[PDB]
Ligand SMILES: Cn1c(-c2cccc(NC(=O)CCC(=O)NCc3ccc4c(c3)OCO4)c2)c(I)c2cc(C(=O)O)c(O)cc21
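Coming up is one lone chain in structure tokens, specifically the form solved without the ligand.
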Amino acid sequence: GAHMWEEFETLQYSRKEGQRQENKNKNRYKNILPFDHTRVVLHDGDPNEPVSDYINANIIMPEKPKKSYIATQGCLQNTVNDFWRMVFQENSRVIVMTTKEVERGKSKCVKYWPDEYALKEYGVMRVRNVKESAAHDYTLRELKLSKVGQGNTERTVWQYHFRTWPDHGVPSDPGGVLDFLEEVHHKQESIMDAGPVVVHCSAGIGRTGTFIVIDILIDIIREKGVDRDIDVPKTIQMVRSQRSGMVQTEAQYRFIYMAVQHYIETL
């Protein structure tokens, strides 16, 4: 059942790598840092770099196809290259961007994709944008990613860039997010053994957490049916044990229940 039995206020691991001096400028916000136990560790870095294994990102495992997520911050100018090393290494084929690049005059994510019909190299990674599709609530970008110089490493990465999240609050109706999530679901399932779905917003905790928790709950309903046991606080705590603070506001909390209730109504 998607009923709210408990209030948001009742919801309330080391982060050593993200606190290192060499990593300070890789964080958008000084005290929003990844837990060491779940962080994405980047291998095959430039051997001239003393620290090349860090990005502010955690794998989120729900605890049926086994689907996982990478929850991360919007790219900074100096972390675009590392963001593409992460997507490549993890075999991610779907990216979910939940913000504009700039909202109310503050940067939330540096543009990390090329324009439509262009290619750019971001460090050792080559990214080609072969087609955009602009739908009411989102734009889908079909990106081809390969390692520079390297034969047959190309794979398609589908970036779903949600466009209709308000600058204040949350959407007043979840229909846009549910249609977007259903297309992400079908895309991910269409690609054999795809890696984690990457999800980001400015800090990688509030909108990112709201999206990931809704998706996890809907996937439970896929497996178990509309009358299954749902426990939204328990799920939020389970995601919070893997990245600090996921789901930031009471409106986001209410929006989770509304989204799942609406999904159930659809069936």
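Throughout, we count residues from 1 along the sequence that is shown.
Trainee: Would you class the number of unmodelled deposited residues between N25 and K26 as none, 1 to 3, 4 to 9, or 10 or more?
Mentor: Nothing is missing.
Trainee: With respect to the deposited sequence, is there a break between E63 and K64 in this entry, and if so is it 1 to 3, 4 to 9, or 10 or more residues, or none at all?
Mentor: Missing in between: 4 to 9 residues.
Trainee: Out of 113 to 121 and 193 to 201, which one has CA B-factors that are higher on average in the deposited record?
Mentor: It is 113 to 121 that shows the higher mean C-alpha B-factor.
Trainee: Comparing average C-alpha B factors as deposited, tell me which of 218 to 226 and 49 to 57 sits higher.
Mentor: Higher mean C-alpha B-factor: 218 to 226.
Trainee: Per the PDB entry, which option out of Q159, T99, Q77, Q188 has the greatest Cα B factor?
Mentor: Among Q159, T99, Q77, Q188, the highest C-alpha B-factor in the entry belongs to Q77.
Trainee: From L178, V94, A135, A71, which pick has the Cα B-factor that tops the rest in the entry?
Mentor: By C-alpha B-factor in the record, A135 ranks first.
Trainee: Quick one: classify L143 as lowest, middle or highest third of the chain based on its Cα B-factor.
Mentor: For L143, the deposited C-alpha B-factor lands in the lowest third.
Trainee: Which third of the chain does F211 land in by C-alpha B-factor: lowest, middle or highest?
Mentor: Its C-alpha B-factor belongs to the lowest third of this chain's values.
Trainee: What third of its chain, lowest, middle or highest, does the C-alpha temperature factor of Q252 fall into?
Mentor: As the PDB entry reports it, the C-alpha B-factor of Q252 lands in the lowest third of its chain.
Trainee: Test of reading the entry: by CA B factor among the chain's modelled residues, which third contains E154?
Mentor: Its C-alpha B-factor, which the entry lists for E154, ranks in the highest third among residues of this chain.
Trainee: By the recorded C-alpha temperature factor, relative to the other modelled residues in its chain, which third is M246 in?
Mentor: CA B-factor rank for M246: middle third.
Not on display, but discussed next: the form deposited with the ligand bound.
Trainee: Going by a heavy atom distance of 4.5 Å, is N23 a contact of the ligand in the bound PDB entry?
Mentor: Output for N23 is no: heavy atoms all beyond 4.5 Å of the ligand.
Trainee: Is there a heavy atom of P34 no more than 4.5 Å from a heavy atom of the ligand in the bound PDB entry?
Mentor: Close contact is absent here: in the bound PDB entry, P34 is far from the ligand, nothing within 4.5 Å, heavy atoms only.
Trainee: With the partner left out of view, is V239 within 4.5 angstroms of the ligand in the bound PDB entry by any non-hydrogen atom?
Mentor: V239: no, not in contact with the ligand in the bound PDB entry.
Trainee: Considering only heavy atoms, tell me if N58 and the ligand come within 4.5 Å of each other in the bound PDB entry.
Mentor: No, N58 sits far enough from the ligand in the bound PDB entry that none of its heavy atoms falls within 4.5 Å.
Trainee: Only one of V40, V232, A203, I214 has a non-hydrogen atom within 4.5 angstroms of the ligand in the bound PDB entry; which is it?
Mentor: Selected residue: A203.
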